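Please treat every number below as a calculation from the coordinates, not as lab data. Cβ coordinates were reconstructed from backbone atoms using ideal geometry, including for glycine residues, and neighbour counts include every protein chain displayed.
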C-alpha cells in the first residue's frame, strides 16, 4: 500500500500426477482506474480440463469486461465468450456460445448494442444434429419503441422441410402483417403421407379502417396399404373490408374427400343501403 | 329522411338570440375599452 | 368569432376538421414523419 | 377504402326502411323447394 495506491498479487501453485492448478490474481490500484486479472487454469487431463479467465478494467467514464472460459471432456466440449463494453448511454454486448459433441454441434451468436437511445439486438441460433439442420433467426434492430419484428425459422429434414418467414411493424398508427408458411410432409408409415402445407396470412390496419385476408390451401394424399388412395384437399380463403361507412366480408370454403365434395359460398354485406348474406350449399355424396 | 323537431327550432332561435345579446355586450366592452385611452391611464398612474 | 359561430355551422366545421384529420391519419407515412421529427430535433438543437 | 362520414347538421338523418325479402332455393332430385317470404314498409305516405 502506497500513496500511488494498493497493489495485491497472489499466486497459488499446486500439482500432483495428472492434476495441475495454476492460480494467479493481479489486483492493482492506480489513481482513478482499477486493473484486475484472474487467470485460473485447472488441468485434470490433457483432454479433461477447465479454464477460466476474468479481466476487468475500470477507468473514468468507461468499462471493459472480458470473460473467457473453456471446458473439455475428451468426446465433449463447451466454449463461451462474452464481451461487455459500457460507457454513458452507450451499450455494446457481444460474444459467442458454442457447445459440441462430435459432429453434433450448436452455434449461437448474440450481439446487443444501444445507440441514440435505441436498442438493437441480433441473435442467430443454428443446430446441426444427426444430419438435420434447424435455422431460426431473430433479426436485427428490435428497437423497443415504435419497433419492428422480423424472423426466419427453417427446419430441414427428409420426411419434412418447414420454412417460416414473418415480418411486422408496430409503428405508432399503421399495422401490417406478412405471414407466409410452407410445409412439405413426406411420411411412409402404412403408406405414403404427402402432407402439403400452403398457409399465407396478411393483415393491414389503420385508423377507422381495417382489412385482412387469409389464404390457405390444405392438401394431403394418403397412399395407405390395402390400395387406399385417400386425398384430403381442404381449401379456405378469407377476406373482409372493414370501415365504419362500408362493411363486408367473404369466405370461400372448398372441402373434398375422394369423390365426395362440399363447397359453400359466403358473402357478408353491411352498408348504408343494405345488409344481406348469400349462401350456396352444394354437396356431392356417394353411397345409397 | 331528415327528422326535425320543434325543439331544434327553439334551440336555434334561442342560440341566435343569446349570440346576438353576447355580441352586443362584447361591442359595449370594446367601446368602453376604446373610450378610455391607454395614455390617459398612464397619465393617471403618473399623477398617482 | 362570436358572430361567425352558429350551432349547425359549428358542428359542420367540427365534422369537416375531423374528416380532414382522419384523411391525414390514414395517409400518414412513418418515413415522412420520421424525417419531420429529425427536422424538428435539428431545429431544437440549433435553437438551444 | 377511405373514411366516409355524411355531413352533420342540427337535423337528424334516417335512411327509411324499404323492404325485406327472403329468397330460398333447394335443388335435389329427391325434393325441390322454392320458398319466398317478403315484407316491407308502407312508404306511400307518412301519415299512413
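From B:43, B:31, which residue is over 30 Å from residue D:14 (Cα atoms), surrounded by 11 or more Cβ atoms within 10 Å (Cβ to Cβ) and either under 16 Å from the mean Cα position of the chain (by Cα) or more than 11 Å from every other protein chain (Cβ to nearest Cβ) (or both)?
Residue meeting the stated conditions: B:43.
Which of the residues spanning segment C:11-35 are within 25 Å of residue D:12 (Cα to Cα) and surrounded by 11 or more Cβ atoms within 10 Å (Cβ to Cβ)?
Correct list: C:11, C:12, C:13, C:14, C:15, C:16, C:18, C:19, C:21, C:22, C:23.
Does residue C:41 count as assigned to a helix (DSSP H, G or I) and either in contact with a strand residue (DSSP E or B) (Cβ under 8 Å, 6 or more places away or on another chain) or within 9 Å of chain D (Cβ to nearest Cβ) (or both)?
Answer is no for this residue.
Considering segment B:1-19 alone, what residues qualify as being under 22 Å from the mean Cα position of the chain (by Cα) and either more than 9 Å from every other protein chain (Cβ to nearest Cβ) or not in a helix (DSSP H, G or I) (or both)?
Selection gives B:10, B:13, B:14, B:17, B:18.
Report the residue count in segment C:16-37 for those that are outside any loop (DSSP other than H, G, I, E, B), farther than 25 Å from residue B:23 by Cβ and within 14 Å of chain D (Cβ to nearest Cβ).
Count: 9.
Give me the pairs, please: first residue somewhere in segment D:31-42 and without any contact (Cβ under 8 Å) to a residue 12 or more places away in the chain, second residue anywhere and assigned to a strand (DSSP E or B) and exposed (fewer than 10 other Cβ atoms within 10 Å of the Cβ), beta-carbon distance under 9 Å, and either six or more positions apart or on two chains.
Between residues of segment D:31-42 that are without any contact (Cβ under 8 Å) to a residue 12 or more places away in the chain and residues that are assigned to a strand (DSSP E or B) and exposed (fewer than 10 other Cβ atoms within 10 Å of the Cβ), there is no close pair.
Only one of (1) surrounded by 15 or more Cβ atoms within 10 Å (Cβ to Cβ); (2) closer than 30 Å to residue A:186 by Cα; (3) out of contact with any strand residue (DSSP E or B) (no Cβ under 7 Å at 6 or more places or on another chain) is not met by residue A:103, so which one is it?
The number of the failed condition is (1).
What is the residue count in segment D:1-30 for residues that are away from chain A (no Cβ under 12 Å), touching a strand residue (DSSP E or B) at 6+ places or on another chain (Cβ under 6 Å) and either touching a residue at least 40 places away in the same chain (Cβ under 8 Å) or part of a loop (DSSP other than H, G, I, E, B) (or both)?
1
Could you please find all residues in segment A:172-181 being surrounded by 15 or more Cβ atoms within 10 Å (Cβ to Cβ) and within 14 Å of chain C (Cβ to nearest Cβ)?
Within segment A:172-181, A:174, A:176 qualify.
So residue A:184 clears everything in (1) in contact (Cβ under 8 Å) with a residue 24 or more places away in the chain; (2) more than 14 Å from chain C (Cβ to nearest Cβ); (3) not in a strand (DSSP E or B) except one condition, right? Which one?
Of everything listed in (1) in contact (Cβ under 8 Å) with a residue 24 or more places away in the chain; (2) more than 14 Å from chain C (Cβ to nearest Cβ); (3) not in a strand (DSSP E or B), residue A:184 misses just condition (3).
From the list A:279, A:253, pick out the single residue that is under 21 Å from residue D:22 (Cα atoms) and either in a strand (DSSP E or B) or within 14 Å of chain D (Cβ to nearest Cβ) (or both).
A:279 is the lone residue from the list that is under 21 Å from residue D:22 (Cα atoms) and either in a strand (DSSP E or B) or within 14 Å of chain D (Cβ to nearest Cβ) (or both).
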